[PDB]
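Written below as structure tokens is the structure these notes are about.
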Amino acid sequence: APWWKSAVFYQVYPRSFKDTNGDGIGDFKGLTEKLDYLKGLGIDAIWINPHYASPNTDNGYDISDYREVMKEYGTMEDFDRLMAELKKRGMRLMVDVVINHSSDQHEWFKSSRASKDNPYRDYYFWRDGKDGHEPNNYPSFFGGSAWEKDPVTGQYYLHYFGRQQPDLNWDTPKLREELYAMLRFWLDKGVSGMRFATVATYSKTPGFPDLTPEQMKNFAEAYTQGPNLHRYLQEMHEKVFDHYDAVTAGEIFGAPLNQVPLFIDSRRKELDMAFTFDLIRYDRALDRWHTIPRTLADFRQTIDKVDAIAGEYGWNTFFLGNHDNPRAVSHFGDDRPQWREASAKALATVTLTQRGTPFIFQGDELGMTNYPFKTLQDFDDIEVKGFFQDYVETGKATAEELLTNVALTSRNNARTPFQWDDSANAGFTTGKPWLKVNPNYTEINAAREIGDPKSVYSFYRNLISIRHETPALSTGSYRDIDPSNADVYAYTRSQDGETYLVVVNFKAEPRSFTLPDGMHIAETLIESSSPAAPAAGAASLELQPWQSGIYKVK
Ligand SMILES: OC[C@H]1O[C@@](CO)(O[C@H]2O[C@H](CO)[C@@H](O)[C@H](O)[C@H]2O)[C@@H](O)[C@@H]1O
Ligand SMILES: [Ca+2]
């Protein structure tokens with residue numbers, strides 16, 4: 001059982017964590033200042049979003065030099081000190097690895113775009129248009145065609161994401177060797193983990209035939225069907241990860257769940273663990289902007305399908321939130337002032353008793369909410385400007401339809417500054433924050449949470465302890481008591497003849513729970529929103545609105 005199977009991770013979007021120089025952008029110094037806070041919470045390891053030199057058309061996901069640090073975050077010396085200060089606390093760092101595409105300002109692309117005979121030409125994908133139009137019908141995730149004509153050579157380069165994010169050509173051995181050398185540069189600095197963004201799209205289909213209309217309906221899935229993908233990931237492991245001790249994590253965006261085992265089965269020598277989208281997008285329409293009503297029954301059944309593809313040799317991450325999705329309490333909980341803390345704790349109990357390695361998103365430990373967008377600029381983000389181009393400019397929807405829906409699903413919901421206290425701009429910055437702070441910072445902030453044994457924060461800290469001390473709760477098997485139940489989420493975790501029972505009321509009303517025939521409460525480890533723990537030997541539970549609990553059973 002490697003260290004990573006029982007670790008609890010915390011994801012820090014540095015741009016919005018803590019500013020230390022007034023420019024309104026979070027930075028490395030600000031993260032280094034808060035390690036004590038993170039340690040005190042119980043956090044073993046941090047995954048930071050892209051921290052490399054970038055023009056920031058996509059807040060670090062368009063990388064212009066893989067070997068320099070983002071100017072906004074600090075210098076290489078600031079990154080080294082972060083590493084050092086993490087190590088002092090026996091903490092580990094996972095970095096984000098963005099090698100499906102680079103920025104169009106990367107030196108490689110500047111060279112590549114110069115002529116068709118340039119030595120870098122095949123570091124990207126260049127093709128002639130067909131029939132006066134693009135080379136084929138590929139759509140981009142961030143608006144319009146995935147192909148962009150370059151007047152310099154008259155050909156089109158491929159970009160699955162933004163126009164300023166040209167896809168890297170993995171079919172070219174020289175480029176793969178460069179990528180590997182780049183990974184060693186960071187690994188040699190002692191980085192403990194790497195998360196590969198959109199790891200499933202690295203392999204492109206030879207010939208670039210047009211997508212079928214079915215394929216066009218789910219293009220994301222088509223872009224994960226490159227015929228050399230597993231070949232390339234296995235090569236990366238042989239030449240890189242085999243020689244180091246880091247954990248690898250794949251963001252498997254767009255792939256069908258049944259293919260996930262190919263990425264994570266320890267025996268195949270590709271990656272260690274999976275970030276999947278089935279759960280967190282379980283109520284998102286195919287357009288990635290509308291929502292579809294779902295029940296708890298939908299929620300638990302997805303989790304069960306997801307757990308099942310881990311098998312014996314695979315391993316999952318678990319998360320309810322990240323920098324690409326709405327806030328966990330607003331999305332899966334109830335964010336109204338009277339149910340917010342109660343449901344946030346109930347979500348905490350879920351997160352920390354899932355099988356897999358949990359990732360907690362910055363701010364969820366405080367019960368941070370979605371942002372109340374009013375304006376146009378509140379929504380500012382390459383992906384929504386993409387939705388405008390594809391849905392508004394084309395007359396498929398009105399701006400106000402877009403914004404009503406995007407208010408609920410926008411990435412910007414997760415990127416509002418972390419709420420440290422009740423000072424100006426919640427103590428995030430002394431300047432003017434890059435995105436506005438949520439007004440509810442006056443009720444929802446770290447300083448107020450940490451001082452209160454009854455807070456969301458304190459509930460998270462207690463859960464993390466209980467998990468750290470209970471093997472079954474990280475590496476134990478998982479079993480859903482009743483997948484068709486849409487009121488109360490019940491499951492067991494077991495290891496080595498010990499069994500724990502997690503019960504979570506998802507209704508804002510009293511509910512009852514009857515334990516499995518022959519099973520009885522032995523001890524109560526923790527509850528939220530309960531006025532009294534069950535009696536030793538209880539065969540059922542009386543549950544308050546939003547109540548959660550962990551029990552040892554016999
Ligand atoms: O937000 C659109 C879509 O992008 C994904 C692809 O994995 O997210 C990763 O890659 C993007 C493009 O570089 C980034 O904008 C994003 O921040 C990054 O995590 C999906 O998760 C997401 O649905
Ligand atoms: Ca700053």
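Simple scheme: letters A, B, ... for chains in structure tokens order, numbers from 1 for residues in each chain, numbers from 1 for ligands in the order shown.
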Please identify which residues in range 123-190 of chain A DSSP calls strand (DSSP E or B) from the backbone, and express them as a JSON list (two decimals) with N, CA, C and O atoms, in the first residue's frame.
```
[["chain", "number", "residue", "atom", "x", "y", "z"],
["A", 124, "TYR", "N", 4.24, 20.30, -33.57],
["A", 124, "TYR", "CA", 2.79, 20.55, -33.55],
["A", 124, "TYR", "C", 2.15, 19.88, -34.76],
["A", 124, "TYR", "O", 2.83, 19.17, -35.51],
["A", 126, "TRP", "N", 0.40, 20.54, -38.29],
["A", 126, "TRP", "CA", 0.14, 21.47, -39.38],
["A", 126, "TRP", "C", -0.46, 20.75, -40.58],
["A", 126, "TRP", "O", 0.05, 19.70, -40.98],
["A", 127, "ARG", "N", -1.52, 21.31, -41.16],
["A", 127, "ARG", "CA", -2.21, 20.66, -42.28],
["A", 127, "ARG", "C", -2.86, 21.65, -43.26],
["A", 127, "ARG", "O", -3.30, 22.74, -42.87],
["A", 130, "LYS", "N", -9.07, 21.66, -46.39],
["A", 130, "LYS", "CA", -9.77, 20.95, -47.46],
["A", 130, "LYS", "C", -10.95, 21.81, -47.93],
["A", 130, "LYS", "O", -11.66, 22.43, -47.12],
["A", 133, "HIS", "N", -12.05, 25.24, -46.79],
["A", 133, "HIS", "CA", -12.31, 25.29, -45.33],
["A", 133, "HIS", "C", -11.17, 24.62, -44.50],
["A", 133, "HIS", "O", -10.13, 24.23, -45.06],
["A", 139, "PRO", "N", -14.21, 20.30, -33.66],
["A", 139, "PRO", "CA", -14.49, 21.46, -32.82],
["A", 139, "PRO", "C", -13.47, 21.65, -31.67],
["A", 139, "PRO", "O", -12.90, 20.67, -31.18],
["A", 145, "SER", "N", -13.67, 26.32, -34.52],
["A", 145, "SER", "CA", -12.87, 25.21, -35.06],
["A", 145, "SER", "C", -11.60, 24.91, -34.22],
["A", 145, "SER", "O", -11.00, 25.81, -33.64],
["A", 147, "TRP", "N", -9.10, 24.04, -35.72],
["A", 147, "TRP", "CA", -7.99, 24.40, -36.63],
["A", 147, "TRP", "C", -7.86, 25.89, -36.86],
["A", 147, "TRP", "O", -8.86, 26.57, -37.08],
["A", 148, "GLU", "N", -6.64, 26.40, -36.85],
["A", 148, "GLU", "CA", -6.44, 27.84, -36.98],
["A", 148, "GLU", "C", -5.42, 28.09, -38.10],
["A", 148, "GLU", "O", -4.30, 27.62, -38.04],
["A", 149, "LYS", "N", -5.83, 28.83, -39.13],
["A", 149, "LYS", "CA", -4.93, 29.14, -40.25],
["A", 149, "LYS", "C", -3.85, 30.14, -39.86],
["A", 149, "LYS", "O", -4.12, 31.16, -39.20],
["A", 150, "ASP", "N", -2.62, 29.85, -40.28],
["A", 150, "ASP", "CA", -1.50, 30.75, -40.02],
["A", 150, "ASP", "C", -1.07, 31.39, -41.35],
["A", 150, "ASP", "O", -0.56, 30.70, -42.23],
["A", 155, "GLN", "N", -0.97, 27.24, -43.80],
["A", 155, "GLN", "CA", -1.56, 25.99, -43.25],
["A", 155, "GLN", "C", -2.22, 26.26, -41.89],
["A", 155, "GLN", "O", -2.01, 27.33, -41.27],
["A", 156, "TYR", "N", -2.97, 25.27, -41.42],
["A", 156, "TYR", "CA", -3.70, 25.34, -40.15],
["A", 156, "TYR", "C", -2.99, 24.47, -39.12],
["A", 156, "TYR", "O", -2.55, 23.36, -39.44],
["A", 157, "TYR", "N", -2.87, 24.98, -37.89],
["A", 157, "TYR", "CA", -2.36, 24.18, -36.77],
["A", 157, "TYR", "C", -3.54, 23.72, -35.88],
["A", 157, "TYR", "O", -4.59, 24.40, -35.78],
["A", 158, "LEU", "N", -3.39, 22.55, -35.28],
["A", 158, "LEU", "CA", -4.41, 22.00, -34.39],
["A", 158, "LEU", "C", -4.37, 22.56, -32.93],
["A", 158, "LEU", "O", -3.29, 22.63, -32.30],
["A", 167, "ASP", "N", -1.80, 22.20, -29.87],
["A", 167, "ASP", "CA", -1.49, 20.85, -29.44],
["A", 167, "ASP", "C", -0.09, 20.34, -29.84],
["A", 167, "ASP", "O", 0.39, 20.54, -30.97],
["A", 168, "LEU", "N", 0.53, 19.65, -28.90],
["A", 168, "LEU", "CA", 1.89, 19.14, -29.08],
["A", 168, "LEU", "C", 1.84, 17.85, -29.84],
["A", 168, "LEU", "O", 0.93, 17.05, -29.62]]
```
Residues up to 9 Å from ligand 2, counting only C-alpha atoms and all ligand atoms: could you list those as a ChimeraX atom specification? /A:15,18-30,72-74,429
Selected residues written out, N, CA and C atoms, as a short mmCIF file (atom, residue, chain, number, x, y, z; two decimals), in the first residue's frame:
```
data_model
loop_
_atom_site.label_atom_id
_atom_site.label_comp_id
_atom_site.auth_asym_id
_atom_site.auth_seq_id
_atom_site.Cartn_x
_atom_site.Cartn_y
_atom_site.Cartn_z
N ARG A 15 -3.09 31.16 -8.00
CA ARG A 15 -3.54 32.48 -8.42
C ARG A 15 -4.57 33.06 -7.42
N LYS A 18 -3.29 33.18 -1.90
CA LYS A 18 -2.84 34.25 -1.02
C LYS A 18 -1.83 35.11 -1.74
N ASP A 19 -2.18 36.39 -1.91
CA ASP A 19 -1.30 37.39 -2.50
C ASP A 19 -0.37 37.96 -1.41
N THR A 20 0.90 38.19 -1.74
CA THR A 20 1.80 38.80 -0.75
C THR A 20 2.41 40.11 -1.22
N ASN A 21 2.02 40.59 -2.40
CA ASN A 21 2.55 41.88 -2.88
C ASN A 21 1.55 42.90 -3.43
N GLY A 22 0.26 42.74 -3.14
CA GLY A 22 -0.74 43.74 -3.56
C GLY A 22 -1.20 43.75 -5.02
N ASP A 23 -0.59 42.92 -5.86
CA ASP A 23 -0.97 42.92 -7.26
C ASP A 23 -2.31 42.22 -7.50
N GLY A 24 -2.96 41.74 -6.43
CA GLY A 24 -4.24 41.06 -6.59
C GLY A 24 -4.15 39.63 -7.09
N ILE A 25 -2.93 39.09 -7.21
CA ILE A 25 -2.77 37.68 -7.67
C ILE A 25 -2.08 36.86 -6.57
N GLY A 26 -2.59 35.69 -6.24
CA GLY A 26 -1.87 34.84 -5.26
C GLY A 26 -0.51 34.40 -5.81
N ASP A 27 0.42 34.06 -4.93
CA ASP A 27 1.79 33.82 -5.35
C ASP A 27 2.41 32.78 -4.43
N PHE A 28 3.65 32.38 -4.75
CA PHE A 28 4.36 31.33 -4.00
C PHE A 28 4.58 31.77 -2.56
N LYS A 29 5.13 32.97 -2.36
CA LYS A 29 5.33 33.44 -0.98
C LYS A 29 4.06 33.31 -0.16
N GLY A 30 2.91 33.59 -0.79
CA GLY A 30 1.65 33.54 -0.05
C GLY A 30 1.30 32.11 0.33
N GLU A 72 4.08 35.92 -12.26
CA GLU A 72 3.14 36.28 -11.19
C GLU A 72 3.38 35.51 -9.89
N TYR A 73 3.82 34.24 -9.95
CA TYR A 73 3.97 33.51 -8.69
C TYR A 73 5.28 33.78 -7.93
N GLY A 74 6.31 34.26 -8.63
CA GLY A 74 7.61 34.53 -8.01
C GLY A 74 8.76 34.13 -8.91
N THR A 429 -5.62 39.88 -0.24
CA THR A 429 -4.70 40.84 -0.84
C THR A 429 -4.87 42.20 -0.18
#
```
Just want the 12 Å neighbourhood of residue 186 in chain A, counted on only C-alpha atoms, with same-chain residues fewer than 5 positions away dropped. Output as number ranges by chain. A: 51-52, 66-69, 76, 79-80, 83, 93-97, 179-181, 191-194, 240-241, 244, 246
Residue 329 in chain A surroundings by only C-alpha atoms, 8 Å radius, close-in-sequence under 6 positions cut, as a list in words: residues 335, 340, 343, 344, 347, 364, 367, 368 and 369 of chain A
For the interface of chain A with ligand 1 (cut-off 8 Å, counting only C-alpha atoms and all ligand atoms), please tabulate each contacting residue of chain A alongside its nearest pair of atoms and their separation in Å to one decimal, rows sorted by chain and increasing number, as CSV.
```
residue,atom,partner,partner_atom_place_in_ligand_line,distance
A:58,CA,ligand 1,15 (O),5.7
A:59,CA,ligand 1,17 (O),7.6
A:61,CA,ligand 1,13 (O),4.7
A:62,CA,ligand 1,13 (O),6.8
A:98,CA,ligand 1,13 (O),7.2
A:101,CA,ligand 1,13 (O),7.5
A:141,CA,ligand 1,2 (C),6.3
A:142,CA,ligand 1,2 (C),7.2
A:161,CA,ligand 1,12 (C),5.7
A:162,CA,ligand 1,12 (C),7.5
A:165,CA,ligand 1,13 (O),7.6
A:197,CA,ligand 1,7 (O),5.4
A:198,CA,ligand 1,7 (O),3.9
A:199,CA,ligand 1,7 (O),7.6
A:251,CA,ligand 1,7 (O),6.2
A:252,CA,ligand 1,7 (O),7.1
A:253,CA,ligand 1,7 (O),4.9
A:254,CA,ligand 1,7 (O),7.9
A:277,CA,ligand 1,21 (O),7.7
A:288,CA,ligand 1,23 (O),7.2
A:323,CA,ligand 1,17 (O),6.5
A:324,CA,ligand 1,17 (O),5.6
A:325,CA,ligand 1,23 (O),8.0
A:382,CA,ligand 1,15 (O),7.8
A:383,CA,ligand 1,1 (O),6.0
A:411,CA,ligand 1,1 (O),7.4
```
Nearest to residue 464 in chain A, chosen from A:417, A:173, A:337, A:358, with only C-alpha atoms counted in the distances: A:358
Got a sec to tell me which of range 162-273 of chain A DSSP assigns to alpha helix (DSSP H), as a ChimeraX atom specification? /A:173-187,213-217,219-222,229-239,261-264
Suppose we keep N, CA, C and O atoms; can you now write the selection as a compact mmCIF listing (two decimals), in the first residue's frame?
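Contents of out_6.txt, freshly written:
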```txt
# COMPACT_ATOMS: atom_id res chain seq x y z
N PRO A 173 9.23 11.55 -32.20
CA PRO A 173 10.06 11.07 -31.09
C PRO A 173 10.87 12.18 -30.46
O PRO A 173 10.95 12.21 -29.23
N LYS A 174 11.47 13.06 -31.26
CA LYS A 174 12.23 14.16 -30.71
C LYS A 174 11.40 15.01 -29.73
O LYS A 174 11.91 15.45 -28.72
N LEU A 175 10.14 15.26 -30.01
CA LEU A 175 9.35 16.03 -29.05
C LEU A 175 9.10 15.22 -27.77
O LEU A 175 9.24 15.75 -26.65
N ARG A 176 8.73 13.94 -27.90
CA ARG A 176 8.59 13.13 -26.69
C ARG A 176 9.86 13.15 -25.82
O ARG A 176 9.78 13.23 -24.59
N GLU A 177 11.04 13.14 -26.43
CA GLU A 177 12.26 13.08 -25.63
C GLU A 177 12.43 14.39 -24.88
O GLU A 177 12.83 14.41 -23.72
N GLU A 178 12.07 15.50 -25.53
CA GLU A 178 12.09 16.82 -24.88
C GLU A 178 11.15 16.87 -23.67
O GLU A 178 11.52 17.36 -22.59
N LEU A 179 9.92 16.42 -23.87
CA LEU A 179 8.95 16.35 -22.79
C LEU A 179 9.53 15.54 -21.59
O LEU A 179 9.47 15.99 -20.43
N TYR A 180 10.07 14.36 -21.87
CA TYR A 180 10.66 13.53 -20.81
C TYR A 180 11.77 14.25 -20.07
O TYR A 180 11.87 14.15 -18.84
N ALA A 181 12.61 14.97 -20.82
CA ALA A 181 13.73 15.70 -20.20
C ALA A 181 13.19 16.82 -19.32
O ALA A 181 13.71 17.08 -18.24
N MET A 182 12.14 17.48 -19.79
CA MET A 182 11.42 18.44 -19.00
C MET A 182 10.84 17.79 -17.72
O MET A 182 10.92 18.36 -16.63
N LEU A 183 10.21 16.62 -17.82
CA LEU A 183 9.72 16.01 -16.58
C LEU A 183 10.94 15.72 -15.64
O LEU A 183 10.85 15.93 -14.42
N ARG A 184 12.07 15.27 -16.16
CA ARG A 184 13.16 14.99 -15.20
C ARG A 184 13.67 16.26 -14.50
O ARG A 184 14.06 16.24 -13.34
N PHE A 185 13.67 17.37 -15.22
CA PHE A 185 14.10 18.63 -14.63
C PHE A 185 13.32 18.91 -13.34
O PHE A 185 13.92 19.22 -12.31
N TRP A 186 11.99 18.76 -13.37
CA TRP A 186 11.19 18.97 -12.16
C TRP A 186 11.32 17.86 -11.12
O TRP A 186 11.39 18.12 -9.90
N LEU A 187 11.35 16.62 -11.59
CA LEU A 187 11.48 15.49 -10.68
C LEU A 187 12.82 15.50 -9.92
O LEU A 187 12.87 15.23 -8.73
N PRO A 213 -21.48 12.23 -37.51
CA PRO A 213 -22.37 13.01 -36.66
C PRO A 213 -22.53 12.48 -35.24
O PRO A 213 -22.63 13.29 -34.33
N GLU A 214 -22.55 11.17 -35.04
CA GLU A 214 -22.59 10.66 -33.67
C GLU A 214 -21.34 11.19 -32.95
O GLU A 214 -21.44 11.87 -31.93
N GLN A 215 -20.16 10.93 -33.53
CA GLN A 215 -18.90 11.37 -32.94
C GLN A 215 -18.95 12.85 -32.62
O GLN A 215 -18.45 13.25 -31.59
N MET A 216 -19.54 13.65 -33.51
CA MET A 216 -19.60 15.09 -33.29
C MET A 216 -20.43 15.46 -32.06
O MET A 216 -20.14 16.46 -31.39
N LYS A 217 -21.48 14.68 -31.80
CA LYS A 217 -22.31 14.87 -30.59
C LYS A 217 -21.50 14.70 -29.29
O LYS A 217 -21.79 15.35 -28.28
N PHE A 219 -17.70 14.93 -28.98
CA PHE A 219 -16.34 15.08 -29.54
C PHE A 219 -15.26 14.81 -28.51
O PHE A 219 -14.24 14.23 -28.84
N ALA A 220 -15.51 15.17 -27.26
CA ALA A 220 -14.55 14.95 -26.18
C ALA A 220 -14.12 13.50 -26.17
O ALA A 220 -12.94 13.18 -26.03
N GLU A 221 -15.09 12.61 -26.33
CA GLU A 221 -14.79 11.20 -26.24
C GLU A 221 -13.99 10.75 -27.43
O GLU A 221 -13.13 9.88 -27.30
N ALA A 222 -14.26 11.35 -28.59
CA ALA A 222 -13.53 10.97 -29.79
C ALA A 222 -12.05 11.33 -29.70
O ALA A 222 -11.21 10.64 -30.26
N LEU A 229 -2.10 6.12 -27.76
CA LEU A 229 -2.07 6.77 -26.44
C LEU A 229 -1.41 5.90 -25.38
O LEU A 229 -0.54 6.38 -24.68
N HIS A 230 -1.80 4.62 -25.26
CA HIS A 230 -1.26 3.80 -24.17
C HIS A 230 0.16 3.46 -24.40
O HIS A 230 0.93 3.33 -23.46
N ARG A 231 0.49 3.37 -25.68
CA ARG A 231 1.88 3.24 -26.08
C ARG A 231 2.72 4.41 -25.57
O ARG A 231 3.80 4.21 -25.04
N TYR A 232 2.25 5.64 -25.79
CA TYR A 232 2.98 6.81 -25.31
C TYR A 232 3.10 6.92 -23.79
O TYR A 232 4.15 7.35 -23.27
N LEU A 233 2.04 6.56 -23.06
CA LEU A 233 2.06 6.67 -21.59
C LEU A 233 3.01 5.62 -21.04
O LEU A 233 3.74 5.88 -20.08
N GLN A 234 3.01 4.43 -21.65
CA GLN A 234 3.92 3.37 -21.19
C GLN A 234 5.36 3.77 -21.51
O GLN A 234 6.28 3.49 -20.71
N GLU A 235 5.57 4.47 -22.62
CA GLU A 235 6.93 4.93 -22.91
C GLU A 235 7.39 5.96 -21.86
O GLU A 235 8.50 5.88 -21.36
N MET A 236 6.52 6.90 -21.53
CA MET A 236 6.81 7.91 -20.52
C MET A 236 7.20 7.30 -19.17
O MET A 236 8.14 7.74 -18.55
N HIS A 237 6.48 6.27 -18.73
CA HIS A 237 6.83 5.52 -17.52
C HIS A 237 8.20 4.85 -17.59
O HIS A 237 8.90 4.83 -16.61
N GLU A 238 8.54 4.26 -18.73
CA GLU A 238 9.79 3.51 -18.91
C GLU A 238 10.97 4.47 -18.83
O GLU A 238 12.01 4.20 -18.22
N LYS A 239 10.80 5.63 -19.44
CA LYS A 239 11.92 6.55 -19.58
C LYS A 239 11.98 7.58 -18.48
O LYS A 239 13.00 8.28 -18.34
N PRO A 261 -9.37 1.68 -16.52
CA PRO A 261 -8.38 0.68 -16.09
C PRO A 261 -7.06 0.65 -16.92
O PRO A 261 -6.02 0.26 -16.40
N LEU A 262 -7.10 1.05 -18.19
CA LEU A 262 -5.90 1.01 -19.06
C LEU A 262 -4.82 2.01 -18.59
O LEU A 262 -3.60 1.84 -18.83
N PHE A 263 -5.28 3.04 -17.89
CA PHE A 263 -4.45 4.15 -17.42
C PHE A 263 -3.84 3.88 -16.05
O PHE A 263 -2.77 4.38 -15.75
N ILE A 264 -4.54 3.10 -15.22
CA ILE A 264 -4.22 3.02 -13.79
C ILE A 264 -3.87 1.66 -13.23
O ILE A 264 -3.29 1.57 -12.15
```
Polymer residues at most 10 Å from residue 206 in chain A, only C-alpha atoms, same-chain spacing of 3 or more positions, as a PyMOL selection string: chain A and resi 171+203+209+226-228
Quick one: distance from CA of residue 104 in chain A to CA of residue 164 in chain A in Å, one decimal? 5.0 Å
